[PDB]
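Notes for the one structure printed next.
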Amino acid sequence: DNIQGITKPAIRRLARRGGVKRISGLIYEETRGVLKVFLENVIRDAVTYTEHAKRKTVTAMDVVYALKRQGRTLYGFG
Amino acid sequence: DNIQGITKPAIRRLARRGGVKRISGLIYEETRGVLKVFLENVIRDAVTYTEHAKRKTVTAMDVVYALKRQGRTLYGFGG
Amino acid sequence: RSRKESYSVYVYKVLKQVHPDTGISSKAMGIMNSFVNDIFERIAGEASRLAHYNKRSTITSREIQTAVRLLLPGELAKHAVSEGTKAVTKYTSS
Amino acid sequence: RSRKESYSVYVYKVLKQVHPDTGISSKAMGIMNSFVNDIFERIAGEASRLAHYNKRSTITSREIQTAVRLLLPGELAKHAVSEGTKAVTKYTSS
Amino acid sequence: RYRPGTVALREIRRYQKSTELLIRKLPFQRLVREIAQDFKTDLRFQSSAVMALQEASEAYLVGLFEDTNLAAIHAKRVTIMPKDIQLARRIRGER
Amino acid sequence: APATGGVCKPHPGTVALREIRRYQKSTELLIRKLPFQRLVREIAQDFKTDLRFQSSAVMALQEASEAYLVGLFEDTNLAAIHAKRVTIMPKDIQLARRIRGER
Amino acid sequence: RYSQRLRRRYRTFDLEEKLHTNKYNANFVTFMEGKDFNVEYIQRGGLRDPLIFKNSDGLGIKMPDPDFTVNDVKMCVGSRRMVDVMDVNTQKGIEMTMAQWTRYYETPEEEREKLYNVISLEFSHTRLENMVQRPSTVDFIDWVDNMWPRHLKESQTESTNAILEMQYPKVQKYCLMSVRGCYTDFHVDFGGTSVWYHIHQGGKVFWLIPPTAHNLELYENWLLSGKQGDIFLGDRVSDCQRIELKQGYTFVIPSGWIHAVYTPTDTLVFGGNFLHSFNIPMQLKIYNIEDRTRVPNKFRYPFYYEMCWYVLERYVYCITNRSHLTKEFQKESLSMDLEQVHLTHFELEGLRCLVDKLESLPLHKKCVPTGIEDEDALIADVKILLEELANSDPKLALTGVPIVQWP
Amino acid sequence: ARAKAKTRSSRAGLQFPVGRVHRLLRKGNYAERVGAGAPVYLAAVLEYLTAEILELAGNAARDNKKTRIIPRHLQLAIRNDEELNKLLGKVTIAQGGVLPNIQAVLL
Amino acid sequence: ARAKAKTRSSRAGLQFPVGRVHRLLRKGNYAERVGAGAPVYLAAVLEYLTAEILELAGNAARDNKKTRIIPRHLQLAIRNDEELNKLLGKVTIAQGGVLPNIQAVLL
DNA sequence: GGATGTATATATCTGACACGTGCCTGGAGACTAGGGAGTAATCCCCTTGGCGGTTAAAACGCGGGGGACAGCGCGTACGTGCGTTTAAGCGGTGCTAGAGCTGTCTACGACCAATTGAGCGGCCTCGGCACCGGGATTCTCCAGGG
DNA sequence: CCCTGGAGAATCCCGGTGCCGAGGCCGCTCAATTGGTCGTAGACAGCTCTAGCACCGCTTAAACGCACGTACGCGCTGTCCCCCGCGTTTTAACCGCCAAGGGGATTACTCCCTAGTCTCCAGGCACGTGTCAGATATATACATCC
Ligand SMILES: CCCCCCC(=O)N(O)CCC(=O)O
Ligand SMILES: [Fe+3]
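Below, the structure written as structure tokens:
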């Protein structure tokens, strides 16, 4: 139960960077599920990449490749 | 003025297949503009592919490749 | 005259084992050929990239299995892996 | 011990041609390396597919030109083609 | 007479069942040639390239109209307006 | 400091705009570190047992997640402005995710 | 380089026009001679009009030597006295020592980084105290002098405004030290106090806005908006007088007047605050704006309601001879003493507001002071008294002597 | 004495060609060298997917009292399944039409 | 005596390497053969793009009264352009932030 | 109930799908050789785990006012039906141009051998900013002497 | 009741630390240059014939323009609750330092699998032909809207 560690002030900060003035009280439970889905997909892909190479440590290159496979290219980690 | 060939009843038929019930009177110009932009975007790539091969006739494979380049894979016209 | 190739005969053979009464038209045959080509290209490209990532110059069944797991969703990957494993096992023995 | 490759020195050389006084941190250097690799991969893949489509076995500058025209937007492609043609012309004259 | 909103449902049900093309051929060919004239002169066209272009365009428009209808329903309405199309196309990423 | 008496000195939503202008100007990560690490390890524990993570992997994951959430919030804001409102609701997020093609 | 496509870039009102325009042309201030400023004048007028005294003849003031400097103030109050300073740009407070303030003030204009102003240096119980005396008439009507238990006032030893050491409302004598260019934005002085203000050296420009119900609503709304840097209030009101006070003038500002101040030259001012019995309704009104706009207690009149309770007691006692002080406070007052009546309508109206106010506060806000015995019986008595005094003859009330005085 | 030939498809038990797949992998510019177990695996996967789609299309055709398969049946089979609609999400089928769907607000 | 060597980069008038790009193309599994003018053309194009990016980043950095380039400057330059924003539309830059944008209905 | 849109059920044409053959070229069988990777041994980096101190962020409660939502009235623009006008589709002619295929001749990129200098990893400066840091100049607390 | 000097302390001109990120030489090993040889890929000339373009008539299904009336969009009020701002107590995130061992990265070397060749021959592609699944005409039955 670590999803409850994403506190409401953090979601408020993210929304403020997004450009939102007022926030309803039911947004947080939806945001947490969205984040769960995103993380689950990315981590599953990265774990498959790691397992193919016969390793036990998830490197940053595995995460970069997993993100690139989904169309979310990232710069600044090799 | 060939863009006027796309007539109001055709747009209404497309909208009916899309599932709308009521249609305003300012939709037609927007639809025509969007369709024109899409057509230019595809035809530019098709003509470039035709030019590279030293030809004068645009074939179906050129159109298929141009569509595939934009994530719009089409089945039934070759591959 | 030049002669071209397609997958029509194998598609018809597969169709006859699940629907001996049902026929098919030519448009559906062209669509099925396009689908087969698309899937083949996807799997081959993924396997090639997997081979390049680990500093290797050969493509083996391990990379094909990994690509199948990466591309197909859910139970499709499971059944495809089982089918491929069975086919490879039966081919090696003979 | 093994050494790795990068594009840092050429990035410095280009930087000293447009802004001599300013420097650059390491994170921006990594970002620039990633950008160069991405663009090279894109152009090489497109040229490979173009060469395949015409039943050809080699890659020449014509394929690279067509790939540049296909991938770059607007006047960027025009200037890139012009500068590449100039470079090729000056190279073959020697 | 029929009250408004009954013929429209009949047309929706009729057109969700059929599979033909909903645009005429000659005007589309004229538009395609007129657009293509701007990149290279004296271009010939096969008989299937125009058909493929027509299929792709019609599918694109049908999808766009579905998204526009969703946008219109969001705003407590039953009529589609240009702002719904603009919102849908902006959220998609095309603009 | 002791309280002072008799010292003379002249002098909803206003703080929100200042917070928006402050957060749209910085560049650091807005979520904590340890909770994100624990969440990632708990999620990954379902696919394999006794896994290890590098630090840069977790950093990249956090950055990608935050960028995704920020973009989703901007699209949700546009959806909310469409319906003549200023307050975002879950149906705005649902509409944005459905139009984007994620559902 | 070349061969590219071939760029871009990667207080909001003007205080100077507010000083130059001719639009702040109301006539609210009366120029007076010192001799006419007496208790009779207050009884007849209720101290409702801002007054300027172009000279001090007849006022009964005393000032220090005319070349007195900020370093002299410093030596009188102490180099180590902490002083509240205002950052002009923000209208917020900071704190420094008097020696630090003096160094800033003696720094040449071009060398000062920011503009700072000292408007809140209360110097009672320092060496400077006996060098400054306020207008005599004020002593006759100040609630501090006439209503607060005298043994408490006399016991004050602390010369700062530290609230835990404060035995009475220490708001009577302030030194203001202002450099050229200082500006204090629009406000109402704390508790609805009236203010006397003497330009010892230099000069000040005031914008004055009358406390009509409409202007006081604008004022509160302007404070609640938080947009005081953006809006010059003197534009938003019906009527505003801009007026210059020169060296040697003494200015009296009635309760509730909304005012802003600009300093055109380095200046030293002596002034002070007082509550009085002739404009109680306005005093209470200001207090309630402070409450609603959440002014911190630091910036308010100390012991405000406590003082109001003591005011009621003094009126009852002086008129009826019935004390509502504790036995011990009666005794303290008696020891100090050994060392049919006609009220003005100003006072009658004031006292009915005051009684209604104090009676209606809940226990946790009533602030009944320690000298008061039975506050319910005091209230009951004030009500009886006001009924019996309701027929006061306005002519006969103009005695020139306050009802409440120490014997 | 060269014994009688026998195709690798018969050895593996498949109805898709194996030698053709091996040739396509070899001449496709994918790797320097190609292992001997890849073609059978790829052929098996392709055959499985083909059989699944064909079975769904045949059922859809039989529901409409016909004996042949047209693009409409393929479109219905693909868009009526939760797993095949995710693998072919961005693919357009010529002469396929759409799925019956009307919003509840308009009715 | 063998003639003194001279690199192809200098022979063409470039700063980006040509031999390294030629080796990458040759060992990258793209075609069977590689011509002689492709690496020069490709290196020229890459150098052009890099020069444009660096010029914009330097201008943006100097506009803030600084002497060093950091990822924020690259992000600002890329997102404030109209053509480079289309080429890098789907790219995330680490520690770059967002552009200042506030809707009018909110102010 | 009456008028209308859609489903019910048989006849006959008809042309495209499925079944045959001839043959040719790519897959299969057998052979040789060489280098890619699989495995063991080894070393040291870097990931996990623990604890103390500090303080900055999170959580809880209270007041109040601002926006979201429901209700009502107006009004104009869009759906429905009809009489008139247009060019889209279909069938058949005629021409020719450019895509497709065959055959030669050459010149350019791959492979090999010998050589040397370029860029990369490992230390040496180099101009900042976060603390210290006695001590000490200026001004100062404190009960004595005067 | 005023001086005064035995302790005081503040911060701070500045007189040292001291890490931090860049920035610059040196050695040197491996990768880019240079010089030849050849053999196949690509350019060019010539011939064929399939399909793309242009044209004419006419049938009629679709598009166009008008009446109109009603129903859905839009604006104005009210009220009531839900969200924002602020103060205070509480909690755990963050940082410095220490220790241990799991596992990633490198290096020999041995051999077995995959590439290149030479024939044989059958699977699949192009060319031909029949009949059966599907469209459409047309007189009822039934559910559906007004
Ligand atoms: C409360 C102290 C006594 C009154 C003086 C301070 C004040 O409230 N002003 O209006 C003067 C401001 C100024 O001179 O800049
Ligand atoms: Fe004042």
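Line by line, the protein sequences give chains B, F, D, H, E, A, K, C and G.
Per the entry's author numbering, the first sequence starts with residue 24, numbered consecutively.
Per the entry's author numbering, the second sequence starts with residue 24, numbered consecutively.
Per the entry's author numbering, the third sequence starts with residue 31, numbered consecutively.
Per the entry's author numbering, the fourth sequence starts with residue 31, numbered consecutively.
Per the entry's author numbering, the fifth sequence starts with residue 40, numbered consecutively.
Just so you know, the sixth sequence maps onto residues 29 to 39, 43 to 134 in the entry's author numbering.
Just so you know, the seventh sequence maps onto residues 9 to 14, 19 to 22, 36 to 364, 450 to 517 in the entry's author numbering.
Per the entry's author numbering, the eighth sequence starts with residue 10, numbered consecutively.
Per the entry's author numbering, the ninth sequence starts with residue 10, numbered consecutively.
Cβ atoms here follow ideal geometry from the backbone N, Cα and C, with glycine treated the same way.
Going by beta-carbon coordinates alone, are residue i and residue j separated by less than 8 Å?
i	j	result
G/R81	G/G106	yes
K/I86	K/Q197	no
K/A487	K/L453	no
K/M172	K/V514	yes
E/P121	F/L37	no
K/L140	K/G206	yes
K/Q266	K/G228	no
K/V98	K/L153	yes
C/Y50	D/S91	yes
H/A97	H/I69	no
Return the first residue and the last residue of the alpha helix (DSSP H) that residue i is part of.
i	result
G/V107	Counting along the chain, G/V107 falls outside any alpha helix (DSSP H), and DSSP gives it neither H nor E.
B/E63	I50 to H75
K/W334	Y329 to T345
H/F65	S56 to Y83
K/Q125	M123 to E131
H/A117	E105 to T122
K/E65	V64 to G70
H/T96	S91 to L101
Count the other C-beta atoms from every protein chain shown that fall within 10 angstroms of the C-beta of residue i, then say buried if there are 16 or more, exposed otherwise.
i	result
K/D491	buried
A/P30	exposed
K/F56	exposed
A/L92	buried
K/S149	buried
D/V39	exposed
A/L65	exposed
K/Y10	exposed
K/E179	exposed
For the beta strand (DSSP E) holding residue i, just list the boundary residues, first then last.
i	result
K/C200	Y199 to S203
K/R267	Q266 to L270
K/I234	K229 to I234
K/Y287	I283 to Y287
K/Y208	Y208 to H212
K/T162	Per DSSP, K/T162 belongs to no beta strand (DSSP E); it is in the alpha helix (DSSP H), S161 to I166.
Which residues, in chain order, does the stretch 182-213 of chain K contribute to contact with chain A at a C-beta distance below 9 Å? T185, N186, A187, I188, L189, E190, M191, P194, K195, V196, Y199, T209, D210, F211 and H212
Identify each residue in the stretch 78-98 of chain F for which the Cβ-Cβ distance to at least one residue of chain C is less than 8 Å, and report them in chain order. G94, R95, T96, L97 and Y98
Taking any Cβ of chain C, which residues in the stretch 74-85 of chain D have a Cβ under 9 Å from it, in chain order? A74, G75, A77, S78, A81 and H82
Enumerate, from N- to C-terminal direction, the unbroken alpha helix (DSSP H) stretches of 4 or more residues contained entirely within the stretch 51-102 of chain A. 65-75
Interface residues of the stretch 96-110 of chain H facing chain G [CB-CB below 9 Å]: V98, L101, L102, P103, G104, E105, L106, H109 and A110
Between the stretch 32-53 of chain D and chain C, which residues of the former have CB atoms less than 7 Å from a CB of the latter, in chain order? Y40, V41, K43, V44, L45, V48, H49, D51, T52 and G53
Residues, ordered as in the chain, of the stretch 36-52 of chain B that lie near chain G by beta-carbon distance below 7 Å: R40, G42 and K44
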